[PDB]
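These notes concern the structure reproduced below.
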Amino acid sequence: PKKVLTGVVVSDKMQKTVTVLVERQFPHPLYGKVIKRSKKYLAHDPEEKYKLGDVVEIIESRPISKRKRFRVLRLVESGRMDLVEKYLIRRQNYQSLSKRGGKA
Amino acid sequence: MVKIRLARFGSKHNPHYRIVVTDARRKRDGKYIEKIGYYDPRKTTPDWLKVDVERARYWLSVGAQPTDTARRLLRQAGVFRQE
Amino acid sequence: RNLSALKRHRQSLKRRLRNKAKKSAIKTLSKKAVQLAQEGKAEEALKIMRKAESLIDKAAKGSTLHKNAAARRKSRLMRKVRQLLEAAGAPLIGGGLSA
Amino acid sequence: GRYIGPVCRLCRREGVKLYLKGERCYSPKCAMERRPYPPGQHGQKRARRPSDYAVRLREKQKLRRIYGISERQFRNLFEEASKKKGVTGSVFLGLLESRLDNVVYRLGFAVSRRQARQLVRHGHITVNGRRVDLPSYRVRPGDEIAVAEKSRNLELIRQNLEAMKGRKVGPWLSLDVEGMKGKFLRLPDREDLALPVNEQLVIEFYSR
RNA sequence: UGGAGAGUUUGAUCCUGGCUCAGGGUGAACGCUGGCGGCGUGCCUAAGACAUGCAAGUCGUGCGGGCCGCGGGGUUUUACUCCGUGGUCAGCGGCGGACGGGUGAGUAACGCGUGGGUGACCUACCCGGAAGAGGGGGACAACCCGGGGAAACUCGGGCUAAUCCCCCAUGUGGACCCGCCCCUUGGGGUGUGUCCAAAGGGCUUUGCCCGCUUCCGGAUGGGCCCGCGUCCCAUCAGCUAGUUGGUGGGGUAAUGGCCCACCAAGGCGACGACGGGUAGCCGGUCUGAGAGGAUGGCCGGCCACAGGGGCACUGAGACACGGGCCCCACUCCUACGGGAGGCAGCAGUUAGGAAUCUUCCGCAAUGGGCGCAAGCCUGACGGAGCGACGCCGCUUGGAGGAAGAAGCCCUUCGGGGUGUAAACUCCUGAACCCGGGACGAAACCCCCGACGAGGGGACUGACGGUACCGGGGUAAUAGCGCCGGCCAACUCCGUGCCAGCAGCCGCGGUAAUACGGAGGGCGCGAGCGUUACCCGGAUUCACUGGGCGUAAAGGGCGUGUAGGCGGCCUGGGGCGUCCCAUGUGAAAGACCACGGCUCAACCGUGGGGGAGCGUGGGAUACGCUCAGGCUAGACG
Ligand SMILES: [K+]
Ligand SMILES: [K+]
Ligand SMILES: [K+]
Ligand SMILES: [K+]
Ligand SMILES: [K+]
Ligand SMILES: [K+]
Ligand SMILES: [K+]
Ligand SMILES: [K+]
Ligand SMILES: [K+]
Ligand SMILES: [K+]
Ligand SMILES: [K+]
Ligand SMILES: [K+]
Ligand SMILES: [K+]
Ligand SMILES: [K+]
Ligand SMILES: [K+]
Ligand SMILES: [K+]
Ligand SMILES: [K+]
Ligand SMILES: [K+]
Ligand SMILES: [Mg+2]
Ligand SMILES: [Mg+2]
Ligand SMILES: [Mg+2]
Ligand SMILES: [Mg+2]
Ligand SMILES: [Mg+2]
Ligand SMILES: [Mg+2]
Ligand SMILES: [Mg+2]
Ligand SMILES: [Mg+2]
Ligand SMILES: [Mg+2]
Ligand SMILES: [Mg+2]
Ligand SMILES: [Mg+2]
Ligand SMILES: [Mg+2]
Ligand SMILES: [Mg+2]
Ligand SMILES: [Mg+2]
Ligand SMILES: [Mg+2]
Ligand SMILES: [Mg+2]
Ligand SMILES: [Mg+2]
Ligand SMILES: [Mg+2]
Ligand SMILES: [Mg+2]
Ligand SMILES: [Mg+2]
Ligand SMILES: [Mg+2]
Ligand SMILES: [Mg+2]
Ligand SMILES: [Mg+2]
Ligand SMILES: [Mg+2]
Ligand SMILES: [Mg+2]
Ligand SMILES: [Mg+2]
Ligand SMILES: [Mg+2]
Ligand SMILES: [Mg+2]
Ligand SMILES: [Mg+2]
Ligand SMILES: [Mg+2]
Ligand SMILES: [Mg+2]
Ligand SMILES: [Mg+2]
Ligand SMILES: [Mg+2]
Ligand SMILES: [Mg+2]
Ligand SMILES: [Mg+2]
Ligand SMILES: [Mg+2]
Ligand SMILES: [Mg+2]
Ligand SMILES: [Mg+2]
Ligand SMILES: [Mg+2]
Ligand SMILES: [Mg+2]
Ligand SMILES: [Mg+2]
Ligand SMILES: [Mg+2]
Ligand SMILES: [Mg+2]
Ligand SMILES: [Mg+2]
Ligand SMILES: [Mg+2]
Ligand SMILES: [Mg+2]
Ligand SMILES: [Mg+2]
Ligand SMILES: [Mg+2]
Ligand SMILES: [Mg+2]
Ligand SMILES: [Mg+2]
Ligand SMILES: [Mg+2]
Ligand SMILES: [Mg+2]
Ligand SMILES: [Mg+2]
Ligand SMILES: [Mg+2]
Ligand SMILES: [Mg+2]
Ligand SMILES: [Mg+2]
Ligand SMILES: [Mg+2]
Ligand SMILES: [Mg+2]
Ligand SMILES: [Mg+2]
Ligand SMILES: [Mg+2]
Ligand SMILES: [Mg+2]
Ligand SMILES: [Mg+2]
Ligand SMILES: [Mg+2]
Ligand SMILES: [Mg+2]
Ligand SMILES: [Mg+2]
Ligand SMILES: [Mg+2]
Ligand SMILES: [Mg+2]
Ligand SMILES: [Mg+2]
Ligand SMILES: [Mg+2]
Ligand SMILES: [Mg+2]
Ligand SMILES: [Mg+2]
Ligand SMILES: [Mg+2]
Ligand SMILES: [Mg+2]
Ligand SMILES: [Mg+2]
Ligand SMILES: [Mg+2]
Ligand SMILES: [Mg+2]
Ligand SMILES: [Mg+2]
Ligand SMILES: [Mg+2]
Ligand SMILES: [Mg+2]
Ligand SMILES: [Mg+2]
Ligand SMILES: [Mg+2]
Ligand SMILES: [Zn+2]
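Residue numbers (the working numbering), protein chains in the order written: chain A, 5 to 108; chain B, 8 to 90; chain C, 678 to 776; chain D, 179 to 386.
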């Protein structure tokens with residue numbers, strides 16, 4: 005079956021394309037403890053129909069571009085930046101570990 | 008085309024083939040599509056030839072082309088015996 | 678040395694030529710009809726579009742285009758012509774297009 | 179290369195008597211009568227308390243020196259026994275006891291196991307009517323071990339099979355002395371055998 | 001059904017802790033030794049370089065010719081010219097040359113594995129179904145004539161056949177544009193317009209056969225896409241401009257920045273981007289009680305590559321190992337202009353290396369290509385050869401009998417040992433130019449039948465005179481390591497911190513079971529040792545299964561970011577978790593059973609298990625999430 009994944013829209017800055025952050029949980033192959041892993045997907049959005057905080061269902065689709073093989077199958081629940089913010093902060097976090105660094 | 012032939016499986020001087028259904032282009036002892044019999048050229052045992060005739064019939068019904076020796080054995084097990 | 682199956686190379690060149698030539702015609706006629714269609718000249722734009730259609734299919738009769746390469750061509754051709762005739766066109770000769 | 183060397187000297191080193199000559203290892207000459215002590219310039223000196231390893235090693239050497247098998251083949255059998263279902267100790271002794279050359283010895287067709295070995299190699303023996311010249315051939319229950327007709331009239335086979343008249347045979351075997359036939363009734367149980375061997379020590383030796 | 005530990009820090013002890021050994025393994029190599037056979041296996045280094053031969057052709061039932069030959073015709077005769085037929089040569093044309101065979105360089109990646117997607121696709125030959133093949137026209141080799149080059153090879157001119165190429169027709173049908181309907185990414189139906197078919201050949205020639213055309217489907221094979229999984233370094237922390245997305249176009253069988261034009265300013269990263277190192281991945285293999293570790297030779301699957309780089313042509317299929325073009329490096333021929341090459345195919349040579357084989361036999365069998373067939377090709381394959389390289393089997397004797405050794409070589413000088421051991425008596429009978437002698441091989445073909453089903457029939461074996469059977473018949477290779485402890489086996493002489501041994505602890509300085517020799521002994525035996533490497537023991541990277549006061553180890557202290565973890569009660573959802581059914585989990589291997597070769601190794605048949613993922617159904621205690629509530633934590 006074409007794959008269906010659920011994630012949060014963390015990016016809307018593209019024409020007809022939104023970035024969907026999908027989370028996945030699973031026991032660690034050797035240490036057992038359940039660990040959360042995740043991947044960002046570039047789903048296709050023809051009508052600019054979705055915005056941030058939107059939890060959608062991504063569906064496996066025929067390639068729309070390089071780096072883009074999924075379409076937004078539907079909205080699960082609207083607005084909720086608790087997730088977007090989370091993502092964003094972790095990103096802002098990076099703005100540190102290097103030669104300089106913020107203060108957070 | 009897809010064929011029904013023999014695949015060597017015995018040992019040196021101890022041949023034992025498998026009546027097989029594979030693409031004509033594969034190694035002979037290569038990866039077949041389906042085993043449908045087996046043959047012991049030297050009849051070292053009373054069971055030196057078996058052939059899932061129902062299956063042999065299937066493959067032939069869809070284009071399987073038997074080797075001559077393949078056909079010969081299949082016939083010996085009445086794959087064509089319409090009598 | 679001397680592998681007589683260089684006759685294949687020998688032959689490929691003759692084929693290469695045959696194909697090569699059929700395509701030029703196709704390309705040249707297509708451009709020609711697309712050019713006329715655009716300039717609004719309808720009756721002749723179609724007339725030629727029609728030749729191109731025929732030539733294309735024939736190209737696919739043997740191993741020049743074959744497959745759905747022919748279909749793409751005719752498709753894109755009948756596409757651009759019908760559209761370019763959106764300059765008050767009115768399919769005069771109603772050649773290949775089925776309005 | 180089945181050993182081949184002085185034998186009534188292994189018994190001496192092994193403390194116990196290994197009948198590796200059948201005859202003579204009975205007479206007042208098996209040496210175990212006069213010189214039961216190990217061979218060599220130190221055979222009589224005071225003994226030194228053997229090591230756990232020593233005990234296990236000697237015990238393995240005893241059990242294996244009896245059937246006169248190679249350490250290679252001997253080991254092969256033991257491994258096969260560990261793998262089989264059933265108490266390794268016994269199963270192992272069963273397999274050992276199933277070697278044709280051995281069975282030929284149990285039926286009395288020959289004095290010693292060594293002699294019985296040669297009798298197989300030379301085709302004087304027959305399993306189910308077909309010749310079998312492999313001393314290691316594994317006899318199965320029901321198989322009838324015999325003497326090739328052509329060999330039946332051999333001077334040795336006579337004196338030998340004669341000496342077996344009215345003589346007892348292991349419960350898992352059975353021989354018709356006249357026709358010179360014999361049947362392997364079934365695998366002997368630990369109880370059926372009575373060897374100067376604690377096979378448990380052997381299992382341990384191959385556990386190290 | 002499964003799990004052993006030992007030596008070594010001290011005067012002694014306990015602990016910590018490293019080193020080391022006992023076990024199993026290897027495509028091995030080296031030393032001493034070496035008899036037979038079966039089955040396996042053998043360039044691990046220079047993807048270095050290669051002489052030579054062979055490794056892909058096949059169709060005369062698609063076509064026309066040349067050379068050589070025989071026969072028969074038209075004449076009164078000759079010349080000239082017509083037909084038939086044989087050998088041979090290539091050419092035109094077709095199918096194959098994209099498979100089969102080699103290798104592991106590159107690659108850390110949708111390459112591989114596993115499970116899925118394609119309404120985004122192709123598939124020669126094969127199979128099933130439907131429909132069809134009317135008419136005309138053209139050219140280029142061969143061949144003929146001439147020109148250029150040293151050669152390779154090449155330029156021009158003329159003639160000609162076809163299942164070669166083209167035109168018109170017929171339109172079962174199919175393709176494209178537009179509309180409509182049903183479906184839902186480009187799936188299917190429908191209407192109008194437009195566009196598109198074909199090749200002939202063979203006869204037991206008046207019907208059969210081989211073949212051709214269009215279409216729908218089957219089968220097999222394949223492209224592309226996606227989830228998850230896939231080594232080391234963070235002494236690599238930021239990376240990116242076709243770079244991320246858009247619109248239009250190009251290109252393909254087809255999706256896609258695959259490519260292009262234009263627009264937007266995005267994309268990726270600590271869940272490790274980018275960079276560096278290393279490496280084909282897998283089924284499996286070795287080891288381990290298991291978890292795990294290590295590995296990927298042989299065999300099967302996938303990928304990649306064909307002297308190094310780039311490229312496309314022809315094709316159903318290639319960007320093509322024995323096709324083509326250009327650049328490079330190198331070898332070769334050269335009349336210096338210019339040409340010819342590519343063993344990572346079999347075998348062989350040379351180089352490198354500790355090290356890896358025959359320039360073998362056969363096409364008989366299995367399999368592949370072409371052919372109507374006969375048959376042709378097939379270094380694929382089936383076999384033999386060489387190498388204890390591995391595994392298995394086997395032999396050097398069996399039964400009876402204690403000379404007894406200048407010297408080897410023990411002693412209490414009484415004796416003890418080698419030892420039933422003994423070219424010495426009886427038995428069997430490995431070897432052995434001695435008789436017979438194989439399965440593997442019955443098809444294609446032919447005839448009858450109806451070229452069907454059936455049924456009869458010529459033919460054909462490399463291995464091989466091999467195996468195996470029967471006869472006769474000789475008593476007929478033994479070596480290597482070790483003997484202080486770990487670790488099975490002790491004495492004499494020699495030597496005197498020397499000569500030397502040594503895995504670790506150590507041994508030798510004049511009584512040495514530790515050096516060398518000898519007798520004796522232990523282990524294993526056509527082998528035995530050594531070196532190297534892998535797993536083990538090592539709970540010594542500890543998930544199973546460890547630690548940090550003084551043994552190595554608490555950060556100098558805090559603050560808090562990400563993250564990890566989260567009190568009590570109820571409800572929803574059902575992600576984690578658990579259960580059921582189902583698909584998948586190739587073969588080989590492994591395990592069990594039975595079976596074939598006298599056994600075994602080896603092999604055949606059958607059986608059982610199986611995690612992971614997909615699908616459908618179900619459960620809700622715990623974890624998660626949403627909602628509500630509490631007050632024992634927290635804070636005020
Ligand atoms: K940054
Ligand atoms: K001429
Ligand atoms: K129409
Ligand atoms: K088809
Ligand atoms: K298909
Ligand atoms: K596919
Ligand atoms: K586009
Ligand atoms: K295992
Ligand atoms: K593995
Ligand atoms: K690996
Ligand atoms: K054929
Ligand atoms: K004989
Ligand atoms: K002798
Ligand atoms: K001295
Ligand atoms: K000594
Ligand atoms: K180790
Ligand atoms: K410190
Ligand atoms: K510090
Ligand atoms: Mg947007
Ligand atoms: Mg050809
Ligand atoms: Mg032009
Ligand atoms: Mg057992
Ligand atoms: Mg210590
Ligand atoms: Mg010490
Ligand atoms: Mg100390
Ligand atoms: Mg000390
Ligand atoms: Mg002290
Ligand atoms: Mg220790
Ligand atoms: Mg030698
Ligand atoms: Mg061999
Ligand atoms: Mg190599
Ligand atoms: Mg080389
Ligand atoms: Mg040849
Ligand atoms: Mg001719
Ligand atoms: Mg020819
Ligand atoms: Mg290949
Ligand atoms: Mg590689
Ligand atoms: Mg890298
Ligand atoms: Mg995948
Ligand atoms: Mg083709
Ligand atoms: Mg058809
Ligand atoms: Mg003509
Ligand atoms: Mg010419
Ligand atoms: Mg000309
Ligand atoms: Mg044609
Ligand atoms: Mg119609
Ligand atoms: Mg037409
Ligand atoms: Mg005809
Ligand atoms: Mg596009
Ligand atoms: Mg397209
Ligand atoms: Mg293509
Ligand atoms: Mg790009
Ligand atoms: Mg490499
Ligand atoms: Mg372990
Ligand atoms: Mg195991
Ligand atoms: Mg392989
Ligand atoms: Mg090379
Ligand atoms: Mg290249
Ligand atoms: Mg093409
Ligand atoms: Mg090629
Ligand atoms: Mg390639
Ligand atoms: Mg080549
Ligand atoms: Mg070679
Ligand atoms: Mg050298
Ligand atoms: Mg052949
Ligand atoms: Mg063939
Ligand atoms: Mg052996
Ligand atoms: Mg003596
Ligand atoms: Mg004797
Ligand atoms: Mg005699
Ligand atoms: Mg026969
Ligand atoms: Mg007939
Ligand atoms: Mg017949
Ligand atoms: Mg033939
Ligand atoms: Mg005899
Ligand atoms: Mg000892
Ligand atoms: Mg000295
Ligand atoms: Mg001394
Ligand atoms: Mg010494
Ligand atoms: Mg460990
Ligand atoms: Mg732990
Ligand atoms: Mg510790
Ligand atoms: Mg200290
Ligand atoms: Mg400390
Ligand atoms: Mg502190
Ligand atoms: Mg926090
Ligand atoms: Mg909680
Ligand atoms: Mg939480
Ligand atoms: Mg709840
Ligand atoms: Mg659930
Ligand atoms: Mg399952
Ligand atoms: Mg399997
Ligand atoms: Mg058997
Ligand atoms: Mg067996
Ligand atoms: Mg099996
Ligand atoms: Mg489920
Ligand atoms: Mg519930
Ligand atoms: Mg609940
Ligand atoms: Mg609450
Ligand atoms: Zn004795």
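Think of the CB as a built atom: it goes at the ideal place given N, C-alpha and C, for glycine as much as any other residue.
- Taking one beta carbon from each stretch, the segment 30 to 37 of chain A and the segment 5 to 17 of chain A have fewer than 3 pairs nearer than 8 Å; the two do not touch.
- Unbroken beta strand (DSSP E) runs of no fewer than 3 residues, entirely contained in the segment 50 to 77 of chain A, are found at 59 to 69, following chain order.
- The DSSP-derived three-state label of residue 29 of chain A is strand.
- Leaving aside the five residues that flank residue 8 of chain B on each side, the residues in its chain whose CB is nearer than 7 Å to its CB run, in chain order, 31, 70 and 72.
- Taking the Cα of residue 24 of chain A as reference, the smallest distance to any Cα among A/104, A/107, A/6 and A/63 is reached at A/63.
- Partner residues in the beta bridge of residue 360 of chain D, as assigned by DSSP, are D/323 and D/353.
- In this structure the segment 760 to 774 of chain C does not touch the segment 206 to 217 of chain D; the number of beta carbon pairs closer than 8 Å is below three.
- Note: residue 303 of chain D is bridge-paired with D/325 in the DSSP secondary-structure output.
- Straight-line spacing of the CA atoms in residue 182 of chain D and residue 378 of chain D works out to 28 Å.
- Distance check between residue 383 of chain D and each of D/281, D/253 and D/340 places D/253 closest, using alpha-carbon atoms only.
- When C/722, C/712, C/709 and C/686 are compared, the shortest CA-CA separation from residue 774 of chain C is found for C/722.
- Excluding the 5 residues flanking it on each side, residue 339 of chain D has same chain C-beta neighbours closer than 8 Å at 286, 287, 325, 355 and 358, in chain order.
- Within the same chain, and ignoring the five residues on either side of residue 243 of chain D in sequence, the residues whose Cβ sits closer than 8 Å to its Cβ are 188, 192, 196 and 198.
- Separation of residue 8 of chain A and residue 26 of chain A (C-alpha to C-alpha, rounded to the nearest whole angstrom) is 11 Å.
- Contact between residue 45 of chain B and residue 24 of chain B holds, with the beta-carbon distance rounding to 7 Å and staying under 8 Å.
- Here the segment 329 to 343 of chain D does not lie against the segment 363 to 375 of chain D, with fewer than 3 beta-carbon pairs under 8 Å apart.
- The beta carbon of residue 63 of chain B lies closer than 6 Å to those of 43, 81 and 86 in the same chain, with the five residues before and after it left out.
- One Cα belongs to residue 273 of chain D, the other to residue 353 of chain D, and the distance between them is close to 20 Å.
- Three or more Cβ pairs drawn from the segment 317 to 333 of chain D and the segment 292 to 307 of chain D lie within less than 8 Å of each other, which places the two stretches in contact.
- Leaving aside the five residues that flank residue 209 of chain D on each side, the residues in its chain whose CB is nearer than 8 Å to its CB run, in chain order, 186, 187, 189 and 190.
- By the criterion of at least three beta-carbon pairs nearer than 8 Å, the segment 695 to 705 of chain C is in contact with the segment 729 to 743 of chain C.
- The straight-line gap separating the alpha-carbon atoms of residue 19 of chain B and residue 68 of chain A is approximately 57 Å.
- Of the residues assessed, residue 730 of chain C falls on the buried side of the cut-off, its CB having 16 or more other CB atoms within 10 angstroms.
- For residue 15 of chain A, the uninterrupted beta strand (DSSP E) run begins and ends at 8 to 18, by DSSP.
- The segment 261 to 275 of chain D makes no contact with the segment 291 to 298 of chain D, as fewer than three CB pairs between them are under 8 Å.
- Around the beta carbon of residue 30 of chain A, a 10 Å sphere encloses fewer than 16 other beta carbons of the protein chains shown; the residue is thus reported as exposed.
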